[PDB]
4 protein chains.
Amino acid sequence: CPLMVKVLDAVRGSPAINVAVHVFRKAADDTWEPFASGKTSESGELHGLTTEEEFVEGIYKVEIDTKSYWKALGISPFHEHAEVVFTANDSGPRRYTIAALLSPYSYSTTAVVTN
Amino acid sequence: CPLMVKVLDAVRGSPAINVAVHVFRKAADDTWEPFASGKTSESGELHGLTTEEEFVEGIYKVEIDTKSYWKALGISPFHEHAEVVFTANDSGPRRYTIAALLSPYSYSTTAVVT
Amino acid sequence: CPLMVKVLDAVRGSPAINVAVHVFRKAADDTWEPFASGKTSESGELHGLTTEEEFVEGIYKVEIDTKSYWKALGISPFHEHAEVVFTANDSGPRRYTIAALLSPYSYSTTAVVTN
Amino acid sequence: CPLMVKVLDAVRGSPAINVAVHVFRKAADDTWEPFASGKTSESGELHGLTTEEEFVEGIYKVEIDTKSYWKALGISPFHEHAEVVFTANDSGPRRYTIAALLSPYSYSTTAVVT
Ligand SMILES: O=C(O)c1ccc(-c2ccc(OCCCCOc3ccc(Nc4ccccc4C(=O)O)cc3)cc2)cc1
């Protein structure tokens, strides 16, 4: 599938499990429209967000709910969430993986784009 | 100086200079209102964004214009911008430094609160 | 298998392919003894370094040959290599993944340890 | 001051204070010879390690004692230490800053050469 998210926890040295992810797509009126959502599995991966057909060209926001993750673990973090904003599929369909590493005061994201 | 932003370039091994940064505060109606802005200096740092008097508790967004930065170097980047969204909290320490490390397909951010 | 390495390239937004990895284990005389080696695949992953039986307790060094990687791409990087040094299997067998993100002047490593 | 080390703690959102750092230079016989050492300050930085006169071209190793740092906070970390190994090269810029970001199971390092 063309959009996947994988999250690691740098404190525990583990997949980040049960991380909620909401994806938005910029609409014609310039608002963020809800596009897809899900949560990471026991492997820290989130599969099945969308399909090739539905994942059209656009500007997408992948919101990773890092505060809700840290608060569900009873930890007080810094950030409200991690925001990944990117233009997708503007040269034809690609497959996008958003990889994230989380600590309470830091996060890091990288994109792996394949054709 | 309660808020400082520092931006580094992981490709060239340098400060990220002349990067535009826009800070917003979340208003009561959930909209982002402009709060402060600037360009990073030769050291990749942006000082003097706000004062202790103006910088009250609440949710702030720091938007870093990474796309223009990369395109000026002739590099096509992945992100439209980098975003850092956080709550400022008078409990605990007073000075927030937001540090960003940039690559064309990656951004990392950490907070140093002292 | 109990020791895996996965590497991403933050410049290209791709797996880091053909990255050489050498693993060492501290011997009784305190020298670094060669233990296993390999290179990342087209997926940026390196599987098959060792076995449960051979991967005994010890202090291991995973050397990721980042300079050779960047130089094979004709790019001049900063670091000679990335070094991951850790005690393994001291509470029983675990499975270790060393995840790395590379840029010419930076690198990042995280460990995912499962039981 | 051609070489500076700065260390940050991603768990607490603070400088990593009183972290021991040992710098070595590679000798002709491939052994690591002591070169300079220190503890990070209250700002998490370590200044005054060397001078331009002593810091000649060659391969250097910066070893950061992250394991003691974490254990003093009551945290069992993954790494025995962090290592940064690099060639110092008079071609191009003169001042090397080695920045490290620490978590118990992760370390990241970037170089800023100006
Ligand atoms: O004050 C100052 O001057 C100053 C200077 C520099 C600073 C830094 C230094 C280093 C970082 O490092 C950035 C974070 C590290 C990169 O993150 C990632 C590491 C590993 C992976 N890997 C994966 C994660 C999930 C799934 C799969 C992978 C994989 O296959 O590799 C992704 C991102 C950030 C800031 C801070 C302050």
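Chain letters run A, B, ... following the sequence lines, proteins first, then strands; residues in each count from 1.
- With a 4.5 angstrom heavy-atom cutoff, A:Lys61 does not touch chain B via any of its atoms.
- With a 4.5 angstrom heavy-atom cutoff, A:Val113 touches chain B only via side-chain atoms.
- At a 4.5 Å heavy-atom cutoff, B:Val112 makes no contact with chain A through either its backbone or its side chain.
- Heavy-atom neighbours of B:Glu42 CD from other residues, nucleotides or ligands within 6.0 Å: at or below the threshold of 12.
- B:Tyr107 has its side chain within reach of A:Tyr107: a pair of non-hydrogen atoms, C-beta onward, lies under 4.5 Å apart.
- In terms of modelled atom types and a separation under 3.5 Å, the side chain of A:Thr110 and the main chain of B:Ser106 share no donor-acceptor contact.
- Contacts of B:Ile59 with chain A are made by side-chain atoms alone, with heavy-atom separations under 4.5 Å and no backbone atom involved.
- Under a cut-off of 6.0 angstrom, the local environment of CZ in A:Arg94 is crowded, with over 12 non-hydrogen atoms contributed by other residues, nucleotides or ligands.
- Taking 4.5 Å as the limit, some side-chain heavy atom of B:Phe78 sits within range of a side-chain heavy atom of A:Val84.
- In the displayed structure, A:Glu52 atom CD is contacted under 6.0 Å by at most 12 heavy atoms of other residues, nucleotides or ligands.
- Looking at heavy atoms from C-beta onward, A:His79 lies out of side-chain contact with B:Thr87 at the 4.5 angstrom threshold.
- With a 4.5 Å cut-off on non-hydrogen atoms, A:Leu101 does not touch chain B at all.
- A:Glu80 CD to B:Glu83 CD: the interatomic distance, rounded to the nearest 0.5 Å, is 12.5 Å.
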